[PDB]
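Just one chain follows, in the form deposited in one PDB entry, and it is written as structure tokens.
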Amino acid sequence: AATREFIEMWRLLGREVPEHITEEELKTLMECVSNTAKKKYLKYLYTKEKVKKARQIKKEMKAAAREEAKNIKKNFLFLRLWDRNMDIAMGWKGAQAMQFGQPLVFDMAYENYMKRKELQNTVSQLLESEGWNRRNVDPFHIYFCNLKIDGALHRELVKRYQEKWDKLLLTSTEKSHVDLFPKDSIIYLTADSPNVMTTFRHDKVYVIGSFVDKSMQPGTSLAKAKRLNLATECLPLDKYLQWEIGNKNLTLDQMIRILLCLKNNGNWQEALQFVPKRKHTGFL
């Protein structure tokens, strides 16, 4: 198209532009309908390759330092197979969790409210969240609900996980959480909820919205829990923490770690350690 030549002049002005831009990145530049929108995307591409180059340069340096060290230069009970063994042990715990674990629902019904960038970050947070659950002493039985098979969220999940996706010990379904669990057992977590959570209940199914709203959309999560008459709760952030700055909507990885701590008989002081320290001045 004309965009291939159009970007060329932008480089000459030194507007923080990457040297190499792949064709699939040019297609994403089509979505940028404004000068500012393009500027933010190029700045993203610039910083992406710059940290790639910086880490790569540190890789040849690391590789060179390793080979020089080796050139200069017993009874065991176990072979060193720990990473493999730990993965196997987690799988057994995961298998047990899918049969007896407490359900935790990640509601994937927020694709329409998220742009490309936000959807990417949602999957990153989901990857981290699942990892913390997998390694836990008492994992949740994670449910991915309202996950459309052909949707962008599903496609990105498959891309990040590759062949691991079919082997993840979680339940991913197109069906809603209301179709899988009794409505009285469902508690929809949202910071906008009027009801402040006091205790972690083991007989309840907590629902977390898979929704990274950098462009903040308050009440979207609460509205979903009111369209279908579901109970809502919010974290007692004000009750326990002297809040200073920042959004009170925490990330997915922070939420699951808070819930995991609470499920394992941790108190609110231990659980709220996963709230970013930059957002408060301590436990009141």
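The first residue of the shown sequence is 1; numbering continues from there. So that the term is clear: the rigid core is the largest set of C-alpha atoms that superpose within 1.5 Å between two forms. Shifts are known only where both forms have a C-alpha.
- Missing-residue comparison: residue 71 falls in the unmodelled set for a third or more of the other PDB entries checked.
- Where residue 167 is followed by residue 168 in the displayed chain, the model omits none of the deposited residues that would sit between the two.
What comes next is about the form deposited in another entry, which is not displayed.
- 1 to 15 is the only run of at least 3 consecutive shared residues whose C-alphas each shift by 2 Å or more between the shown form and the other one once the core is superposed.
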